[PDB]
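Below: one structure, written as structure tokens.
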Amino acid sequence: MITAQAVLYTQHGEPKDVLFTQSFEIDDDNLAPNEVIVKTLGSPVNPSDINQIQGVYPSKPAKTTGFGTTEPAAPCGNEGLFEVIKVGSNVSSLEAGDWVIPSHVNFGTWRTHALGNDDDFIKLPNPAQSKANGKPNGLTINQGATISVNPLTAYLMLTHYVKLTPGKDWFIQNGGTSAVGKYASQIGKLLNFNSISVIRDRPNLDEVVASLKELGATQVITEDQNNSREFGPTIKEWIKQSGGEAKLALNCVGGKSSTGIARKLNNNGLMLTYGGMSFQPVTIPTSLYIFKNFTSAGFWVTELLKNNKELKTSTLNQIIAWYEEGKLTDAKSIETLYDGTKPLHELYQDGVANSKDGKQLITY
Amino acid sequence: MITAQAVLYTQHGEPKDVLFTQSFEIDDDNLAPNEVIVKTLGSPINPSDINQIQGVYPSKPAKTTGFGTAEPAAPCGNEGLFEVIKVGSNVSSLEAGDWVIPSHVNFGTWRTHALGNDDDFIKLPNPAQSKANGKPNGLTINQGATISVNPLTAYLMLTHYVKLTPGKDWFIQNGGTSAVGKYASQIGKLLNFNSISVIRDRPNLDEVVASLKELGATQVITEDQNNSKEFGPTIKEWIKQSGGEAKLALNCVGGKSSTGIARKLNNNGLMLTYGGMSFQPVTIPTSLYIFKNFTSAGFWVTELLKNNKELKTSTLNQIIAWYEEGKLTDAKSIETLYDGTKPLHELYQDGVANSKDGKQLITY
Ligand SMILES: *O([C]1[C]([O])[C]([C]OP([O])(=O)OP(=O)([O-])O[C][C]2O[C]([N+]3=[C][C]=[C]C(C([N])=O)=[C]3)[C]([O])[C]2[O])O[C]1N1[C]=NC2=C1N=[C]N=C2[N])P([O])([O])=O
Ligand SMILES: NC(=O)c1ccc[n+]([C@@H]2O[C@H](COP(=O)([O-])OP(=O)(O)OC[C@H]3O[C@@H](n4cnc5c(N)ncnc54)[C@H](OP(=O)(O)O)[C@@H]3O)[C@@H](O)[C@H]2O)c1
């Protein structure tokens, strides 16, 4: 028998208040024929995971007593990389040593182990398999553990809604230092799209601007520049020189930031709102709608891919291939290793509290 | 001392999610004068038990800490057969070895043992007692465990409301393959009432028709036939040939099915609704109320027998006698035995999930 740990809550609220660790038992002897046991290698903290715990995210796992609690409790985390440790006698899709992610949301990835079927998982090539299949690179644990939400989100927003002419057209995005922002910049570079990333000013501004330009942002501006009527004509010059148009805006901030990036689009522009990193609503001047034919819409990768498994597979395959080819790198995570001395839920609580420092990955 | 197990929940929800098993101690060396300890022999899973756990049934046991839980918890199950194992110094009505059912609802029968007062139980004859009293049969465990709700429901609906003339009048009922339905057909035969059972179509329709007819249904029709304008005159022919009238409809379905059985009654008809599938409301054409003196009412055995021990006693005694005489038969339960190797709540969760296979009885 394996003794596992899961991060659970019995009631919605802030992670600092409601999370605890539950020890539970998994039977790793005498597997059913289709069953698969996996050990976690790592799982990140994404905003969606936190919103799920807070109760403001309408897709969530059921509260159950299945982890051996008396009160119904929900697990946490939708994304993660797991190593297959044992498979049942009718399992050929997976074997010991294989890398997998969950095939569906609401799996509960903030935990040490899981028992499911082979259809609960999607296989990723492990480094040994990538090299054997003649690839110059294999995935890292961070790359595998964060492959499923943010890279697909960036890829689909940039490709699935409006067609940007390679070598000419632009997108503009706020939250430029976000993991999603960093994938968008790289995917923009790979597809030959011009882009403007908007970021908050900070003391190490120059270092950040350089990182983002290296990733693929054509220009990086601050939110102060975004707000600036004086600066607008400079952006117009860039776009005019390119021969192209700013056709797409990606908004994960809301408020004034959403106003600023919308104003920078050419007529007939599209904005996709995929997040709201301050509680501020999407705010658009009436004149953009009426006089510039602006359109504002939403994006939600979970809903988009629900009955679109071909689209999911195709997108994921492209990200894997790019990683194997050395053409894509990961939005880097701050890693915290679980080793048994500090309760698992506290690692995640610290991760939630240190969100501002950057993407957090709990490792195992 | 006795280490017992109870199936409990701290919060309402689906049985698959909220049930757990709680160990608790009964001190069998510390009985008060009027107290009795019983060992469960068997308890079924009925829809009302499930609705209770889900939180949509307005009669339910209180949540308490009495089973030694940290948080308040409620037990499950309303019906069951128990064996008296020990009685207090002032108990005369029961002795060790006796068979009993709960005297009242909300007792919590999904558990191994209970401590209660002598008046929390009603004695049934055990097989040794039936045999000693000159009876050709004694009750089976399934018969005793399911005697409290369904048989009594059928008998009272048939006899307590409208007086059917033996050898000529008719009742019509839907849910004809239900436990209640099957008891009603038998009681109809025993009292010489004609009846029409309405059932859903199924692959072995003809085989089921024949079984229901053997039980006592005069005629059996599908829901399609119940709906059918074409078929309706055939039913009128049956009733006219008998010299009697259709005076009573028993409804456990609602919706179109309820409309159809109501339309088949003669003037001055009474419908009793005792259940309802798919949340479909009871739907009765206005014309029947106005022009055919139709009445529609409810039946709930829990409420009818709440303050009427004498009617309960007389009815229960008739059912017992019929079992002893070999005049009534139960539908075959699927029995799952608790031996202490699989948690008790999981046996009941399986039974809930497997409801469609047949009535589920957990035995001990
Ligand atoms: O500015 C902040 C960061 O740029 C950014 C957050 O970065 P992150 O890496 O921690 O978060 P990500 O995992 O990339 O994603 C966060 C947002 O995107 C939404 N999202 C992601 C994927 C899929 C969906 C979807 N709909 O399919 C949605 C998610 O809900 C998040 O909203 O935020 C910036 N930030 C923080 N506070 C800000 C702010 N910008 C402006 N104003 C305020 N108050 P930094 O680098 O710290 O300065
Ligand atoms: N008010 C009361 O005093 C009281 C007391 C006892 C029972 N009841 C009611 O009676 C019913 C269950 O009694 P039971 O223990 O006899 O149950 P049961 O043995 O499990 O039988 C259930 C019946 O419901 C039928 N059914 C299921 N879904 C249906 C649907 N969608 N449309 C039409 N019929 C459907 C089944 O038909 P199939 O065989 O085709 O699947 C079967 O005949 C419940 O509605 C319950 O609330 C009420």
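FYI, nothing fancy with the structure tokens labels: chains A, B, ... in order, residues from 1 per chain, ligands from 1 as they appear.
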
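Residues surrounding segment 275-282 of chain B within 7 Å are residues 251, 252, 253, 254, 255 and 258 of chain B [only C-alpha atoms; sequence separation below 4 positions excluded].
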
Shell of 7 Å around ligand 2 (only C-alpha atoms and all ligand atoms), written as a PyMOL selection string: chain B and resi 46-48+149-150+153+175-181+199-200+252-253+274-278+299-302+356+358-359

Counting only C-alpha atoms and all ligand atoms, what residues are within 8 Å of ligand 1, given as a PyMOL selection string? chain A and resi 45-48+149-150+153+174-182+199-202+223+252-254+257+273-279+298-302+331+355-360

Quick one: which chain A residues come within 9 Å of chain B, and what is the nearest atom pair for each with the distance in Å to one decimal, counting only C-alpha atoms, rows ordered by chain and ascending number, as a tab-separated table?
```
residue	atom	partner	partner_atom	distance
A:62	CA	B:17	CA	7.6
A:63	CA	B:17	CA	6.8
A:64	CA	B:17	CA	4.3
A:65	CA	B:18	CA	5.6
A:66	CA	B:17	CA	7.1
A:68	CA	B:20	CA	7.9
A:69	CA	B:20	CA	7.7
A:70	CA	B:20	CA	6.1
A:71	CA	B:10	CA	5.8
A:72	CA	B:18	CA	5.7
```

Keeping N, CA, C and O atoms for every residue in the selection just given, could you write it to a file as a tab-separated table (two decimals), in the first residue's frame?
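Printed below is part_14.tsv as written:
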```
chain	number	residue	atom	x	y	z
A	62	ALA	N	-16.05	17.65	-7.49
A	62	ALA	CA	-17.07	17.40	-6.47
A	62	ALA	C	-16.42	17.34	-5.11
A	62	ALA	O	-15.26	16.95	-5.00
A	63	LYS	N	-17.15	17.76	-4.08
A	63	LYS	CA	-16.77	17.49	-2.70
A	63	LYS	C	-17.24	16.08	-2.32
A	63	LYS	O	-18.44	15.78	-2.37
A	64	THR	N	-16.28	15.23	-1.97
A	64	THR	CA	-16.55	13.84	-1.60
A	64	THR	C	-15.74	13.37	-0.38
A	64	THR	O	-14.76	13.97	0.02
A	65	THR	N	-16.17	12.25	0.18
A	65	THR	CA	-15.46	11.62	1.30
A	65	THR	C	-14.44	10.60	0.80
A	65	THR	O	-13.97	9.78	1.59
A	66	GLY	N	-14.14	10.62	-0.49
A	66	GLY	CA	-13.34	9.58	-1.11
A	66	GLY	C	-11.88	9.53	-0.71
A	66	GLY	O	-11.22	8.52	-0.95
A	68	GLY	N	-11.08	9.60	2.36
A	68	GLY	CA	-11.16	9.10	3.72
A	68	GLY	C	-11.49	10.13	4.78
A	68	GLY	O	-11.19	9.93	5.95
A	69	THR	N	-12.13	11.23	4.38
A	69	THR	CA	-12.62	12.22	5.33
A	69	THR	C	-14.09	11.96	5.70
A	69	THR	O	-14.78	11.17	5.05
A	70	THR	N	-14.54	12.58	6.78
A	70	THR	CA	-15.94	12.46	7.19
A	70	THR	C	-16.78	13.56	6.55
A	70	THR	O	-17.95	13.36	6.24
A	71	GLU	N	-16.17	14.73	6.38
A	71	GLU	CA	-16.81	15.83	5.67
A	71	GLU	C	-16.45	15.73	4.21
A	71	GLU	O	-15.29	15.40	3.90
A	72	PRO	N	-17.40	16.00	3.32
A	72	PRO	CA	-17.08	16.09	1.89
A	72	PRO	C	-16.00	17.15	1.65
A	72	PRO	O	-16.08	18.24	2.18
```

All residues 8 Å or closer to segment 111-113 of chain B, only C-alpha atoms, same chain fewer than 6 positions away omitted, as a PDB file with N, CA, C and O atoms, in the first residue's frame:
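Saved as around.pdb:
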```pdb
ATOM      1  N   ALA B   4     -19.477  -1.377  16.709  1.00  0.00           N
ATOM      2  CA  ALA B   4     -20.444  -1.343  15.621  1.00  0.00           C
ATOM      3  C   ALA B   4     -19.972  -0.389  14.529  1.00  0.00           C
ATOM      4  O   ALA B   4     -19.047   0.381  14.760  1.00  0.00           O
ATOM      5  N   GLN B   5     -20.591  -0.476  13.349  1.00  0.00           N
ATOM      6  CA  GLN B   5     -20.361   0.452  12.229  1.00  0.00           C
ATOM      7  C   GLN B   5     -21.680   1.104  11.779  1.00  0.00           C
ATOM      8  O   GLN B   5     -22.703   0.438  11.704  1.00  0.00           O
ATOM      9  N   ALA B   6     -21.644   2.406  11.502  1.00  0.00           N
ATOM     10  CA  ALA B   6     -22.784   3.128  10.936  1.00  0.00           C
ATOM     11  C   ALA B   6     -22.369   3.912   9.688  1.00  0.00           C
ATOM     12  O   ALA B   6     -21.296   4.522   9.655  1.00  0.00           O
ATOM     13  N   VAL B   7     -23.250   3.895   8.688  1.00  0.00           N
ATOM     14  CA  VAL B   7     -23.147   4.721   7.509  1.00  0.00           C
ATOM     15  C   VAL B   7     -23.781   6.081   7.816  1.00  0.00           C
ATOM     16  O   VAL B   7     -24.972   6.175   8.100  1.00  0.00           O
ATOM     17  N   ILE B  37     -30.621  -3.799  22.816  1.00  0.00           N
ATOM     18  CA  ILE B  37     -29.620  -3.730  21.771  1.00  0.00           C
ATOM     19  C   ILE B  37     -29.962  -4.768  20.729  1.00  0.00           C
ATOM     20  O   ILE B  37     -30.311  -5.899  21.050  1.00  0.00           O
ATOM     21  N   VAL B  38     -29.919  -4.332  19.484  1.00  0.00           N
ATOM     22  CA  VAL B  38     -30.202  -5.177  18.330  1.00  0.00           C
ATOM     23  C   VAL B  38     -29.004  -5.228  17.366  1.00  0.00           C
ATOM     24  O   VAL B  38     -28.186  -4.300  17.298  1.00  0.00           O
ATOM     25  N   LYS B  39     -28.942  -6.340  16.645  1.00  0.00           N
ATOM     26  CA  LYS B  39     -27.992  -6.617  15.571  1.00  0.00           C
ATOM     27  C   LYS B  39     -28.758  -6.608  14.257  1.00  0.00           C
ATOM     28  O   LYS B  39     -29.769  -7.279  14.150  1.00  0.00           O
ATOM     29  N   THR B  40     -28.291  -5.855  13.258  1.00  0.00           N
ATOM     30  CA  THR B  40     -28.992  -5.767  12.003  1.00  0.00           C
ATOM     31  C   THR B  40     -28.812  -7.093  11.302  1.00  0.00           C
ATOM     32  O   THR B  40     -27.710  -7.629  11.291  1.00  0.00           O
ATOM     33  N   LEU B 344     -18.539  -0.597   5.286  1.00  0.00           N
ATOM     34  CA  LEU B 344     -19.985  -0.715   5.152  1.00  0.00           C
ATOM     35  C   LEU B 344     -20.605   0.325   4.243  1.00  0.00           C
ATOM     36  O   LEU B 344     -21.460  -0.008   3.434  1.00  0.00           O
ATOM     37  N   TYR B 364     -26.148  -9.030   6.904  1.00  0.00           N
ATOM     38  CA  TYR B 364     -25.131  -9.037   7.926  1.00  0.00           C
ATOM     39  C   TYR B 364     -24.913 -10.445   8.501  1.00  0.00           C
ATOM     40  O   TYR B 364     -25.741 -11.313   8.267  1.00  0.00           O
TER      41      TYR B 364
END
```

Please identify all polymer residues within 6 Å of residue 250 of chain A, counting only C-alpha atoms, omitting same-chain residues fewer than 4 positions from it, and present them as a ChimeraX atom specification. /A:173,271-272

Take the selection from the previous step and output its residues with N, CA, C and O atoms, as a compact mmCIF listing (two decimals), in the first residue's frame.
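The result, stored in again.txt:
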```
# COMPACT_ATOMS: atom_id res chain seq x y z
N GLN A 173 -0.76 42.82 -26.11
CA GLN A 173 -1.23 42.11 -24.94
C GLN A 173 -0.75 42.82 -23.69
O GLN A 173 0.34 43.37 -23.66
N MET A 271 -10.63 42.11 -29.40
CA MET A 271 -10.03 41.84 -28.09
C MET A 271 -10.60 40.58 -27.51
O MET A 271 -11.82 40.35 -27.54
N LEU A 272 -9.71 39.77 -26.97
CA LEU A 272 -10.07 38.60 -26.19
C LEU A 272 -9.67 38.85 -24.74
O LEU A 272 -8.49 39.05 -24.45
```

Would you kindly return, as JSON, numbers by chain, each protein, DNA or RNA residue with an atom no farther than 12 Å from any atom of residue 117 of chain A, considering only C-alpha atoms and excluding same-chain residues fewer than 3 positions away? {"A": [31, 32, 33, 34, 35, 36, 37, 38, 84, 86, 87, 88, 89, 90, 91, 92, 93, 94, 102, 103, 114, 120, 121, 122]}

As a PyMOL selection string, please: every residue in segment 266-350 of chain B that DSSP puts in alpha helix (DSSP H). chain B and resi 286-291+301-304+309-325+344-350

Any chance you can output those residues with N, CA, C and O atoms as a compact mmCIF listing (two decimals), in the first residue's frame?
```
# COMPACT_ATOMS: atom_id res chain seq x y z
N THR B 286 -58.58 19.08 -17.27
CA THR B 286 -59.63 19.84 -16.59
C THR B 286 -61.00 19.16 -16.68
O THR B 286 -61.72 19.13 -15.69
N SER B 287 -61.35 18.63 -17.85
CA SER B 287 -62.66 18.02 -18.06
C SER B 287 -62.99 16.91 -17.04
O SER B 287 -64.13 16.79 -16.63
N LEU B 288 -62.00 16.13 -16.62
CA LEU B 288 -62.23 15.05 -15.66
C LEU B 288 -62.67 15.58 -14.30
O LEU B 288 -63.55 15.01 -13.65
N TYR B 289 -62.03 16.65 -13.86
CA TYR B 289 -62.42 17.29 -12.63
C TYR B 289 -63.85 17.84 -12.67
O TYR B 289 -64.64 17.60 -11.75
N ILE B 290 -64.16 18.58 -13.74
CA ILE B 290 -65.44 19.28 -13.85
C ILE B 290 -66.58 18.31 -14.20
O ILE B 290 -67.59 18.29 -13.53
N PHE B 291 -66.40 17.52 -15.25
CA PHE B 291 -67.48 16.68 -15.80
C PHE B 291 -67.50 15.23 -15.36
O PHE B 291 -68.48 14.53 -15.64
N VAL B 301 -47.23 6.82 3.48
CA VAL B 301 -47.46 5.86 4.55
C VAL B 301 -46.87 6.37 5.86
O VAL B 301 -47.47 6.18 6.90
N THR B 302 -45.71 7.01 5.79
CA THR B 302 -45.08 7.65 6.96
C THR B 302 -46.03 8.57 7.71
O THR B 302 -46.05 8.57 8.93
N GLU B 303 -46.79 9.38 6.97
CA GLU B 303 -47.70 10.34 7.57
C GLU B 303 -49.01 9.71 7.98
O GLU B 303 -49.54 10.03 9.04
N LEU B 304 -49.56 8.83 7.15
CA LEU B 304 -50.82 8.17 7.51
C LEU B 304 -50.68 7.37 8.83
O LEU B 304 -51.58 7.37 9.66
N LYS B 309 -51.37 3.81 15.34
CA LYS B 309 -50.75 2.53 15.66
C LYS B 309 -51.66 1.34 15.33
O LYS B 309 -51.19 0.31 14.87
N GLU B 310 -52.96 1.51 15.54
CA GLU B 310 -53.96 0.46 15.34
C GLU B 310 -54.08 0.06 13.86
O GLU B 310 -54.15 -1.12 13.55
N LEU B 311 -54.13 1.05 12.98
CA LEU B 311 -54.19 0.78 11.53
C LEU B 311 -52.89 0.16 11.08
O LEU B 311 -52.87 -0.76 10.26
N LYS B 312 -51.78 0.64 11.63
CA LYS B 312 -50.48 0.09 11.31
C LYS B 312 -50.39 -1.39 11.70
O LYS B 312 -49.93 -2.21 10.90
N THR B 313 -50.79 -1.67 12.93
CA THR B 313 -50.83 -3.01 13.50
C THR B 313 -51.69 -3.96 12.69
O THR B 313 -51.25 -5.04 12.35
N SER B 314 -52.92 -3.56 12.43
CA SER B 314 -53.84 -4.39 11.68
C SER B 314 -53.30 -4.70 10.26
O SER B 314 -53.45 -5.83 9.78
N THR B 315 -52.64 -3.72 9.64
CA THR B 315 -52.13 -3.87 8.28
C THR B 315 -50.90 -4.75 8.28
O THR B 315 -50.77 -5.65 7.46
N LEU B 316 -49.97 -4.46 9.18
CA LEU B 316 -48.77 -5.25 9.30
C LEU B 316 -49.12 -6.73 9.59
O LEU B 316 -48.52 -7.64 9.01
N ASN B 317 -50.11 -6.95 10.44
CA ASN B 317 -50.52 -8.31 10.82
C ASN B 317 -51.06 -9.08 9.61
O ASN B 317 -50.79 -10.25 9.46
N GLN B 318 -51.79 -8.40 8.72
CA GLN B 318 -52.33 -9.06 7.53
C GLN B 318 -51.20 -9.44 6.59
O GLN B 318 -51.20 -10.53 6.03
N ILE B 319 -50.21 -8.58 6.42
CA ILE B 319 -49.08 -8.89 5.56
C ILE B 319 -48.27 -10.09 6.10
O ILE B 319 -47.96 -11.03 5.36
N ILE B 320 -47.98 -10.06 7.40
CA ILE B 320 -47.26 -11.16 8.06
C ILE B 320 -47.99 -12.49 7.86
O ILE B 320 -47.38 -13.50 7.50
N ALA B 321 -49.30 -12.47 8.09
CA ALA B 321 -50.12 -13.67 7.98
C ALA B 321 -50.08 -14.23 6.57
O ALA B 321 -50.05 -15.45 6.37
N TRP B 322 -50.08 -13.32 5.59
CA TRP B 322 -50.08 -13.73 4.20
C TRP B 322 -48.74 -14.36 3.84
O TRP B 322 -48.71 -15.39 3.15
N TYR B 323 -47.64 -13.79 4.31
CA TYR B 323 -46.32 -14.41 4.14
C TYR B 323 -46.27 -15.81 4.78
O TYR B 323 -45.86 -16.78 4.14
N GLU B 324 -46.70 -15.93 6.03
CA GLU B 324 -46.73 -17.21 6.73
C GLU B 324 -47.56 -18.26 5.99
O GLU B 324 -47.18 -19.45 5.93
N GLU B 325 -48.70 -17.83 5.44
CA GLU B 325 -49.63 -18.68 4.70
C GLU B 325 -49.15 -18.99 3.28
O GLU B 325 -49.73 -19.80 2.59
N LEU B 344 -18.54 -0.60 5.29
CA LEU B 344 -19.99 -0.72 5.15
C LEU B 344 -20.60 0.33 4.24
O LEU B 344 -21.46 -0.01 3.43
N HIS B 345 -20.13 1.57 4.32
CA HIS B 345 -20.71 2.61 3.47
C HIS B 345 -20.48 2.32 2.00
O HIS B 345 -21.27 2.71 1.19
N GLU B 346 -19.39 1.66 1.66
CA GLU B 346 -19.12 1.33 0.25
C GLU B 346 -20.12 0.29 -0.28
O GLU B 346 -20.47 0.33 -1.47
N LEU B 347 -20.56 -0.64 0.57
CA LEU B 347 -21.61 -1.60 0.18
C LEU B 347 -22.88 -0.87 -0.19
O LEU B 347 -23.56 -1.22 -1.16
N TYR B 348 -23.22 0.17 0.58
CA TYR B 348 -24.43 0.95 0.33
C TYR B 348 -24.28 1.88 -0.88
O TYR B 348 -25.22 2.06 -1.64
N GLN B 349 -23.10 2.45 -1.06
CA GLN B 349 -22.81 3.25 -2.25
C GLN B 349 -22.96 2.39 -3.50
O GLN B 349 -23.58 2.83 -4.46
N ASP B 350 -22.44 1.16 -3.47
CA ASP B 350 -22.58 0.23 -4.62
C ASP B 350 -24.04 -0.05 -4.87
O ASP B 350 -24.51 -0.01 -6.00
```
